[PDB]
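To keep things clear, I will list the structure first and then write my remarks on it.
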Amino acid sequence: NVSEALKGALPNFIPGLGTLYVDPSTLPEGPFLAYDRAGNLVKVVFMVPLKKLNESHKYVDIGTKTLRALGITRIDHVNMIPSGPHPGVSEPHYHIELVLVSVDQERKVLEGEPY
Amino acid sequence: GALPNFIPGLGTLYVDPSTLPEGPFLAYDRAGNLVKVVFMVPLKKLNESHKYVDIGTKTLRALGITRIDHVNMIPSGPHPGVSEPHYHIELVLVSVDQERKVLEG
Amino acid sequence: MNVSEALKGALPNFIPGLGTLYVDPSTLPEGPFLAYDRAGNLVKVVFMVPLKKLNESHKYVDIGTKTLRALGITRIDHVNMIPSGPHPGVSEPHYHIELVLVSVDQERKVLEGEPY
Amino acid sequence: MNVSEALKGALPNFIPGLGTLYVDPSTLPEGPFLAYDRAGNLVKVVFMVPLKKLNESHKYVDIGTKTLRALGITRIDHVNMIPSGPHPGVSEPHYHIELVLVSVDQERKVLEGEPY
Amino acid sequence: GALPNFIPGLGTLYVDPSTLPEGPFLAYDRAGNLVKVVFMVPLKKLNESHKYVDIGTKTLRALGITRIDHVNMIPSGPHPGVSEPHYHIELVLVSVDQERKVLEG
Amino acid sequence: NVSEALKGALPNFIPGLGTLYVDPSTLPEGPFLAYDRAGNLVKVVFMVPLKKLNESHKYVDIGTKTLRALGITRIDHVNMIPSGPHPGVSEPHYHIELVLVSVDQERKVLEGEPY
Amino acid sequence: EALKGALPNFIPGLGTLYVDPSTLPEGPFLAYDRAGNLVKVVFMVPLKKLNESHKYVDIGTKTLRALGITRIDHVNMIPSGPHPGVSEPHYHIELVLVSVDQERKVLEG
Amino acid sequence: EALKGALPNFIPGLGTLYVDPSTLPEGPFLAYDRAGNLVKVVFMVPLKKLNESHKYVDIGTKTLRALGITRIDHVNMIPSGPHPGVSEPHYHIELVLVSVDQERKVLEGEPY
Amino acid sequence: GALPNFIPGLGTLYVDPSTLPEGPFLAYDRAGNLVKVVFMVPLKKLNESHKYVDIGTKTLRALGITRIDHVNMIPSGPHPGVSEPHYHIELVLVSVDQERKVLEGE
Amino acid sequence: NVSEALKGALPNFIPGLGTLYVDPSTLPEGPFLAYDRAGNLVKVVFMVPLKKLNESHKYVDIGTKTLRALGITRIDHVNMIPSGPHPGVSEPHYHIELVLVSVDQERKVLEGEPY
Amino acid sequence: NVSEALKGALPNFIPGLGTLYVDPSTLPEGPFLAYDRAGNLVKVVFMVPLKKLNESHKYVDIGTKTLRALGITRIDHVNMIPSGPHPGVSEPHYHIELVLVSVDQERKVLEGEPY
Amino acid sequence: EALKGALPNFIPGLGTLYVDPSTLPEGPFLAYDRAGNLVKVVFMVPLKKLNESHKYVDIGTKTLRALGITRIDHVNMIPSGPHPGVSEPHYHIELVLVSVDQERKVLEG
Amino acid sequence: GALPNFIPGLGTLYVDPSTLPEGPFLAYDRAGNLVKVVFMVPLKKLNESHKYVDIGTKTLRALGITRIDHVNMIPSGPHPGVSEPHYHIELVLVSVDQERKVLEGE
Amino acid sequence: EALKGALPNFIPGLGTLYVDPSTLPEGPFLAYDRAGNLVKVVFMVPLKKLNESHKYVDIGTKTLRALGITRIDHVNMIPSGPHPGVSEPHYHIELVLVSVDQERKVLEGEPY
Amino acid sequence: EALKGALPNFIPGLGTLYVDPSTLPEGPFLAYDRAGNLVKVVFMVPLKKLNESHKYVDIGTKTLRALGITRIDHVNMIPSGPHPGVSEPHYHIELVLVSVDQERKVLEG
Amino acid sequence: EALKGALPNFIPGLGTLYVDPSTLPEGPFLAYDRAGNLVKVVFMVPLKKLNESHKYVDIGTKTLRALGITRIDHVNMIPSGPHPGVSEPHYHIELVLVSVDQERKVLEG
Amino acid sequence: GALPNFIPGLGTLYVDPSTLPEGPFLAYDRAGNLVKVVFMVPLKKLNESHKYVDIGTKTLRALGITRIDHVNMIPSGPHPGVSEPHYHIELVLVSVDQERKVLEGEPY
Amino acid sequence: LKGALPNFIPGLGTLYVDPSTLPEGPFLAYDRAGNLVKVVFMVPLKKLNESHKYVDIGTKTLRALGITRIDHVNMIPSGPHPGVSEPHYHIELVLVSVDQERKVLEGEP
């Protein structure tokens with residue numbers, strides 16, 4: 001079976017998220033990188049707990065290493081999506097996304113539900 | 001953190017946060033194989049007779065031609081931070097025994 | 001007798017909005033129920049669950065295995081969860097959990113039901 | 001090295017407008033060729049036939065049986081018959097007879113090809 | 001008449017006349033079982049490099065989940081009144097041997 | 001298998017034509033009757049060879065028996081579609097159709113390609 | 001005040017024949033008997049168009065729906081008899097609402 | 001009973017048509033919808049008279065005078081004949097009192 | 001203002017050129033009174049069975065409420081430049097006698 | 001009545017042309033000036049015989065006087081419309097128009113038929 | 001200039017109201033008559049104070065004189081628009097309008113903001 | 001046959017009052033005299049909505065178009081006053097097609 | 001014609017009621033000259049941070065080419081009937097001195 | 001080189017902004033697109049002055065005078081502040097010289 | 001850097017003539033003098049199309065909007081005359097932004 | 001002629017800060033150093049909105065596309081320092097185009 | 001203007017003098033963004049089978065990342081100022097609609 | 001079943017094209033290793049001689065290939081190809097140096 005064989009080789013891709021990669025040494029803020037099925041970088045996502053924001057924590061010079069290694073990003077727009085809690089995420093967070101394509105293209109290449 | 005870690009009984013759960021709370025969520029075993037699609041339904045919406053119509057369309061279509069082995073409808077267990085009851089409507093892609101084995105729970 | 005009636009007479013029972021329904025009696029009350037269109041194509045798989053059981057945290061595990069296995073490979077297009085009851089024939093609130101094998105618009109078209 | 005390149009490197013060859021192609025070498029030149037999208041889903045089955053053979057009334061019987069049988073149950077959405085050649089790589093006019101397993105719009109979308 | 005009669009090798013061929021000449025046509029055996037879907041392509045259009053895109057959509061979808069056993073591409077044989085060459089692009093639903101048997105040709 | 005069982009029982013229905021019935025004693029003019037998947041009468045179709053028209057043949061009092069047995073037809077529109085020759089039809093014909101629903105409904109219930 | 005109903009001259013075989021000119025040549029034409037009852041609906045088709053395999057789709061819709069015909073007795077397909085002025089041959093596809101005997105009678109055929 | 005029935009029938013596409021017999025063959029003819037509204041005023045002329053350079057002057061005066069208000073919306077010029085009941089080609093010159101869609105609607109005629 | 005050359009029987013003719021050849025033309029009398037609306041139809045089109053539907057809409061609507069006295073349908077007389085025969089379908093807003101006077105036409 | 005009185009007190013406006021003015025000494029080329037019912041200048045139109053164009057006549061420094069007296073024009077687009085021959089226009093002409101509003105606004109304020 | 005000259009020679013037209021006239025002896029109810037730039041009657045407007053309505057005042061046989069002098073009206077629709085208080089209108093009022101053209105034509109010929 | 005024309009009650013001052021119930025409360029209501037002549041078109045406006053500054057735009061369009069009213073004799077704006085079952089005050093915006101004297105006469109008011 | 005009661009400082013005010021309360025109002029002087037365009041903004045809306053975007057479009061466009069001499073922003077003075085404070089944002093087409101005269105305002 | 005650079009930057013949503021310093025704090029400010037076209041004239045007023053019934057009379061005369069032609073399309077009144085750089089609530093009273101879509105386009109600002 | 005402004009040839013009487021090739025043949029062409037000032041907008045109209053009665057509607061819209069021309073000094077309608085490679089006659093519809101004397105000067109014509 | 005570029009007062013830590021008022025409160029705001037170079041893009045988000053789980057989608061699009069930023073050095077998420085007039089707390093989500101050291105330097109932090 | 005003008009439909013054009021006449025020419029929008037790279041070739045040279053190899057290498061090298069969106073091949077001339085037929089081969093770096101928008105040209 | 005890649009061609013390597021986009025394509029040329037070497041538009045000389053205007057071609061392909069760097073461009077008359085009669089021009093967007101191109105595609109220098 002060719003289809004089963006291709007899918008076996010193919011990296012996991014989660015509709016609405018993409019194929020994710022994150023340098024574990026940059027957690028928990030990240031940012032994680034989201035790629036489409038063709039392997040192009042779609043967005044760079046920073047993660048922050050709401051609690052810390054409520055405590056007025058100051059995040060400074062974040063994602064420097066990752067961004068430096070990325071090179072050209074040409075940001076199209078920004079998203080700030082709330083997340084958590086739910087199985088897997090113990091507290092509310094916000095995903096701060098730097099999207100490198102139009103909002104419609106992002107939904108399109110990441111196969112995500114319209115906002 | 002905001003990213004998922006393998007949890008016994010559920011596996012590693014991924015989800016497009018903009019589709020919360022229902023999702024659906026994709027659950028993978030440690031080897032990164034998709035085990036099930038999980039809709040996280042707040043029991044509260046069900047008690048208000050909310051009509052869920054055409055949900056999980058993008059995710060399910062991404063499965064392409066597939067085989068659904070069975071369905072589970074399980075009440076959410078204890079989960080840190082979670083404060084309301086939900087039901088896990090699950091479309092499992094492997095046998096109930098395969099599922100229990102690879103999810104380690 | 002006219003040909004139309006003879007045709008109508010030979011065609012399986014079809015209910016607008018539900019289709020032609022079949023279920024394995026041994027799988028009741030949950031099912032699943034299989035809904036076919038007028039062409040005999042399987043449109044959706046429907047699980048029936050009482051709301052009260054959900055509120056009492058009943059654990060439904062490995063449901064519809066026999067029925068599902070008998071189906072075969074297929075794409076799943078989307079899911080619906082529709083509230084039902086009570087009313088004559090249904091003594092308490094239920095939820096229809098539906099695994100639909102065609103687009104939501106196609107479902108409403110081939111089952112001839114009112115649009116959502 | 002960046003992650004994007006490592007990903008691109010691990011992904012099968014995909015040609016915009018054609019998809020990821022595979023064919024049983026023993027079935028050439030006719031095939032059929034199987035075209036998959038980036039998700040690894042089979043999009044279409046393509047038979048290759050030289051126009052000259054059609055003009056000389058060649059009889060093609062029981063074609064693609066081995067390949068087809070290996071597939072499985074599936075819906076067929078539509079058929080295309082697209083002319084091809086000559087050009088580098090194709091010495092004479094051919095026709096691509098395609099059995100497409102998704103809508104024509106979905107085909108153009110998942111294979112990322114120019115609209116018809 | 002304008003209605004079809006069982007013809008050896010083809011069976012009983014039905015078609016929505018508004019889709020002529022290509023159709024596609026549906027071929028049934030004497031017991032009324034669908035044997036194959038047949039597109040009747042004028043060889044002339046092929047020589048003019050006509051691009052057939054998205055044809056037989058309504059008929060094929062009517063087949064629902066099916067299995068295509070094999071394909072035939074056969075030049076039209078002698079047919080009363082027919083004056084131009086066509087190719088029968090056939091999507092057969094049974095084995096080539098089953099096909100020859102039930103079509104009596 | 002329920003699907004195979006249902007389809008086995010179901011009468012043949014040809015997309016764009018419907019489920020056809022014709023009183024053989026009324027051939028070759030007919031008319032044949034075309035029904036949808038629910039068994040409703042969609043159209044009444046008369047058949048005539050082009051050759052006869054070219055010879056000025058006079059068709060008179062056609063389809064009387066069939067029409068009498070039909071009762072209420074309430075015609076919506078008329079179609080005149082050419083047909084033949086092709087495998088199965090030795091000479092050109094015209095299908096003169098009396099359609100009992102709108103032209104869009106006819107295409108819809110008979111699952112036919114748009115005109 | 002000085003008007004009167006406009007009514008075409010009776011024509012043996014065709015009765016009082018009306019037609020919306022913008023729908024010509026096909027029509028349909030409406031044929032009435034002396035008493036003012038509708039006898040038949042007639043589509044006037046050029047044989048040339050048929051030999052050209054013209055596809056006639058959804059014709060006479062507004063007319064047919066306005067009349068609300070529910071009973072068609074029979075159908076006629078007759079070659080265009082000689083008519084003063086008409087040079088090309090047409091076929092009269094008639095949807096007759098009464099019997100063939102009543103038709104010839106009421107239309108003084 | 002004196003129940004009037006010599007009234008013309010409403011014909012889809014034409015409406016209920018009246019004409020002053022002393023104005024024939026040109027008319028004009030008056031077309032009314034089912035409610036009794038005057039929809040259009042129609043003049044009929046043989047194409048042959050036109051080719052023979054005939055001069056139609058001060059036509060339809062009597063009729064138009066008895067109509068008073070009009071407010072014309074558009075004009076149509078429709079060819080007709082030959083066909084059974086019309087031995088020679090004519091043109092229907094129509095002065096329409098409602099928009100073109102309204103005219104097809106109230107007269108229940110086939111769209112243009 | 002900028003009035004064009006008065007024409008006997010036609011008066012001062014105005015027409016939107018984008019609507020030629022039919023128009024319709026608006027004919028005014030010396031005093032600026034609208035006397036008639038003129039559709040100039042090439043006989044060739046009539047002979048070819050051209051179907052004219054919904055013409056003059058804008059002009060007729062801008063002219064609004066009023067009354068039509070009579071209608072004329074006269075073949076194009078001698079006009080410099082014009083080379084194919086036309087017919088003038090006219091909707092006159094005054095009596096035929098008043099028309100012959102204001103338009104100073106024979 | 002008021003209505004009838006108003007129209008009489010209003011300048012002659014021709015559907016599709018507007019209210020025209022032209023400096024007599026600039027005839028026959030003009031340009032003519034077309035105003036809407038509010039008195040706004042809509043377009044500046046130059047009249048040229050087609051025969052002159054075919055004769056390669058040189059029209060230079062045209063409309064200077066009239067244009068000077070206009071001031072702020074703001075050209076939106078240009079049209080070149082053929083005209084004549086017909087009563088009042090003995091030969092074919094072309095109207096060269098410098099329009100000061102969008103093309104749709106033009107047909108709208110001059111109450112003319114769409115192009 | 002011509003443009004400036006034209007406007008001066010033209011009647012006062014107010015966007016959204018048109019050119020208004022009212023028989024002084026019918027004040028304060030009117031009706032007022034609103035004309036477009038071509039001098040066509042667009043609407044007939046009656047003015048009533050809201051307080052009178054709340055006092056159950058009986059307005060009977062209003063606008064008879066003005067209406068008689070109008071003749072052919074052809075009512076398309078009615079509007080009831082609240083007005084005031086503001087400078088020039090010491091108390092809340094309602095404008096009862098009998099409009100003689102479609103609602104879109106009304107906003108169009110009176111050059112007013114859409115409702 | 002056994003079917004007779006169906007006609008609402010005659011309200012002195014209002015006559016035979018008809019109204020498409022789907023257009024309530026405003027209507028317009030149509031008031032006919034005994035003979036079957038339309039005497040006036042009545043918009044039934046709730047005072048409460050006027051106090052709320054409701055903007056009524058394009059009302060009675062289809063009805064007015066269907067009636068084809070070219071001549072309004074006079075307008076009345078009068079309080080509805082009490083009516084059995086009616087608990088909210090309304091104003092009658094009336095387009096009367098006949099003289100005020102004829103109106104009092106035929107509506108027996 | 002039917003002119004409303006002249007107001008000192010405002011002149012003859014006209015406004016399309018469907019656009020109240022902001023308007024804009026058109027203020028003319030005795031002679032029928034448009035003197036200024038007035039937007040009447042309820043202070044309450046300003047205090048609530050209301051976002052006014054694209055207002056007065058139709059009126060301003062119908063008034064066309066011209067020049068704005070100066071702008072005024074004055075609180076609503078005493079006006080019978082008016083009960084909430086407003087601000088009059090005015091686009092004046094004449095000098096402030098000429099404004100005080102034609103509008104006969106202090 | 002005398003290559004001028006003390007020129008303001010084009011800011012998406014604002015354009016290139018100029019003001020006569022002797023007209024501050026009200027201005028008006030002049031906003032230009034990239035081609036150099038004047039898009040809008042902006043007046044700035046503190047909400048507090050409005051609440052204190054301040055009277056702004058004959059404002060922006062000098063500036064408006066030096067602009068001559070204008071042809072105003074619409075008006076905007078936009079609230080602003082408090083935020084870094086603006087300690088008190090203000091309103092931006094804008095006289096716009098192009099349609100509202102054109103203004104967002106040429107100034108390249110976020111849609112309203 | 002090594003990049004210099006790219007400028008077309010200077011045609012006496014026409015200057016530095018620019019044109020978006022996708023809008024050919026009509027253009028409009030834009031003619032600049034040596035200093036870089038726009039001297040005139042030129043619509044290049046084929047005589048053949050005029051003889052065919054072609055209707056030119058809404059031409060030069062984007063270009064005119066981009067130039068923001070509020071003052072036209074004068075208009076010229078002159079024959080293009082011969083040009084190397086040009087075999088069809090055209091008329092130059094010109095919107096000249098400067099005096100006719102300045103035009104002859106700066107275009108060195 | 002008497003004008004001058006409108007330029008907001010410099011603000012230690014924020015530089016010359018611009019914002020299109022219609023995009024408030026979020027902005028983004030654009031921060032420039034004395035030399036006129038863009039230092040960072042700042043979205044000013046109300047903490048209240050975040051606690052309400054507001055979904056911010058596609059913000060700063062026109063601005064970000066007009067600037068054509070290709071290199072982001074780092075990101076900052078800082079609580080709203082005390083600002084004259086600002087009562088509610090916000091978070092400054094900053095996309096910084098230079099190094100953290102250069103930032104504090106050029107913005108005279 | 002002390003630098004090349006922005007021309008509607010073309011933008012602001014730059015070219016390496018030594019790469020003439022083929023170029024490529026670089027077209028910028030009003031904001032200074034590179035919109036497209038244009039090669040100019042005479043039809044005549046194509047008909048004579050001239051081989052253009054390794055063109056625009058210098059200029060392309062000093063440009064950098066481009067991310068090509070689409071290609072246009074537009075015929076030009078003859079007309080006043082262009083004595084013979086040429087083809088403009090364009091490598092456009094934005095969508096076709098965006099190109100028309102930022103270079104403010106007439107729609108295709 | 002295995003990689004169905006076509007036969008290596010000298011100077012064009014493994015060549016792919018979406019048959020529905022013929023004749024221009026563009027074609028994608030890969031080296032033995034499966035790397036993309038160049039994108040090729042095959043334009044029939046006849047079309048150019050006919051002044052055909054090509055606008056927005058190759059969009060889906062180019063967008064999918066996210067080509068950020070083009071090393072050089074070639075415009076070569078079409079080499080001799082079997083069955084290929086009509087002359088074409090190859091507009092090539094090469095992603096590698098001229099040397100590397102000749103090397104990896106096994107084509108003559």
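Ordering of the structure tokens sets the chain letters (A, B, ...); residue numbers start at 1 within each chain; ligands are numbered from 1 in the order shown.
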
With the cut-off set at 10 Å and counting only C-alpha atoms, tabulate each residue of chain M with an atom at most that distance from an atom of chain J, showing the nearest atom pair and its distance in Å to one decimal, ordered by chain and increasing number, as CSV.
```
residue,atom,partner,partner_atom,distance
M:62,CA,J:38,CA,8.3
M:63,CA,J:38,CA,9.2
M:64,CA,J:40,CA,7.9
M:65,CA,J:40,CA,8.7
```

Worksheet item: Excluding same-chain residues fewer than 5 positions from segment 29-36 of chain D, what lies within 8 Å of it counting only C-alpha atoms, as number ranges by chain?
Response: A: 3; D: 18-24, 41-49, 64, 67, 111; R: 4

Discussion item. If chain J is superposed onto chain F by least squares using every Cα atom in order, what is the RMSD, in Å to one decimal?
Written reply: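 After superposition, the RMSD is 0.3 Å.
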
Worksheet entry | Surrounding residues of segment 102-111 of chain N excluding itself and chain neighbours under 6 positions, 7 Å, only C-alpha atoms, as a ChimeraX atom specification | /N:12-15,33,39 /P:62-63,66

With N, CA and C atoms retained, write the just-selected residues as a CSV table (one decimal), in the first residue's frame.
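Listed below is the output, out-v8.csv:
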```csv
chain,number,residue,atom,x,y,z
N,12,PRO,N,2.1,54.4,8.4
N,12,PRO,CA,0.9,53.7,8.0
N,12,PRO,C,-0.2,54.2,8.8
N,13,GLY,N,-1.3,54.6,8.2
N,13,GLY,CA,-2.5,55.1,8.9
N,13,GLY,C,-2.5,56.6,9.2
N,14,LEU,N,-1.3,57.2,9.1
N,14,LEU,CA,-1.2,58.7,9.3
N,14,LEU,C,-0.7,59.4,8.1
N,15,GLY,N,0.1,58.8,7.3
N,15,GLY,CA,0.7,59.4,6.1
N,15,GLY,C,1.9,60.2,6.6
N,33,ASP,N,-0.2,61.5,1.3
N,33,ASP,CA,0.1,60.1,1.0
N,33,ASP,C,1.5,60.1,0.4
N,39,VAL,N,-4.3,64.4,1.8
N,39,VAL,CA,-5.4,63.5,2.1
N,39,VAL,C,-6.4,64.0,3.1
P,62,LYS,N,-1.9,45.9,8.0
P,62,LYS,CA,-1.6,46.9,7.1
P,62,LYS,C,-0.3,47.6,7.5
P,63,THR,N,-0.2,47.8,8.8
P,63,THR,CA,1.0,48.4,9.3
P,63,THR,C,2.2,47.5,9.0
P,66,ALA,N,3.2,47.4,5.4
P,66,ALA,CA,3.7,48.7,4.9
P,66,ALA,C,5.2,48.9,5.3
```

Practice prompt. Hey, list the chain Q side of the contact with chain P: 12 Å cut-off, only C-alpha atoms, answer as a PyMOL selection string.
Written response: chain Q and resi 29-34+65+102

Worksheet entry | Contacts of segment 44-49 of chain M at 10 Å (only C-alpha atoms; same-chain gap of 6+ positions) as a list in words |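 With the cut-off at 10 Å, the set is residues 84, 85, 86 and 87 of chain M; 47, 48, 50, 51, 77, 78, 79, 80, 81, 89, 90 and 91 of chain N.
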
With N, CA and C atoms retained, export the selected residues as a compact mmCIF listing (two decimals), in the first residue's frame.
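Output contents, as saved in selection-v2.txt:
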```
# COMPACT_ATOMS: atom_id res chain seq x y z
N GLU M 84 -29.71 68.07 26.07
CA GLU M 84 -28.40 67.51 26.41
C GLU M 84 -27.36 68.37 25.71
N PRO M 85 -26.18 68.53 26.33
CA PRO M 85 -25.18 69.37 25.66
C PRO M 85 -24.61 68.74 24.38
N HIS M 86 -24.36 69.58 23.39
CA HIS M 86 -23.78 69.18 22.11
C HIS M 86 -22.67 70.14 21.79
N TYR M 87 -21.87 69.78 20.81
CA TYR M 87 -20.84 70.66 20.35
C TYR M 87 -21.12 70.82 18.88
N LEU N 47 -10.57 66.45 25.16
CA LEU N 47 -11.93 66.19 25.61
C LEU N 47 -12.25 67.10 26.81
N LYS N 48 -11.26 67.34 27.66
CA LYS N 48 -11.44 68.19 28.84
C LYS N 48 -11.85 69.63 28.48
N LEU N 50 -13.57 70.45 25.92
CA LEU N 50 -14.96 70.33 25.49
C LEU N 50 -15.90 70.26 26.69
N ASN N 51 -15.54 69.47 27.69
CA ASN N 51 -16.38 69.36 28.86
C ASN N 51 -16.44 70.68 29.62
N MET N 77 -14.30 61.74 13.36
CA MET N 77 -14.03 62.32 14.69
C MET N 77 -13.60 61.10 15.47
N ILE N 78 -12.29 61.04 15.71
CA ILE N 78 -11.62 59.90 16.34
C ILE N 78 -11.08 60.16 17.73
N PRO N 79 -11.48 59.33 18.71
CA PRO N 79 -10.99 59.51 20.08
C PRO N 79 -9.59 58.94 20.23
N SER N 80 -8.79 59.61 21.06
CA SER N 80 -7.43 59.17 21.31
C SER N 80 -6.96 59.47 22.74
N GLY N 81 -6.15 58.56 23.30
CA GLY N 81 -5.61 58.74 24.64
C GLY N 81 -6.56 58.40 25.77
N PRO N 89 -7.36 62.43 27.24
CA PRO N 89 -8.21 62.07 26.10
C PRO N 89 -8.39 63.23 25.12
N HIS N 90 -8.29 62.92 23.84
CA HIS N 90 -8.46 63.90 22.78
C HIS N 90 -9.38 63.34 21.73
N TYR N 91 -9.76 64.21 20.80
CA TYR N 91 -10.53 63.79 19.64
C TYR N 91 -9.82 64.35 18.42
```
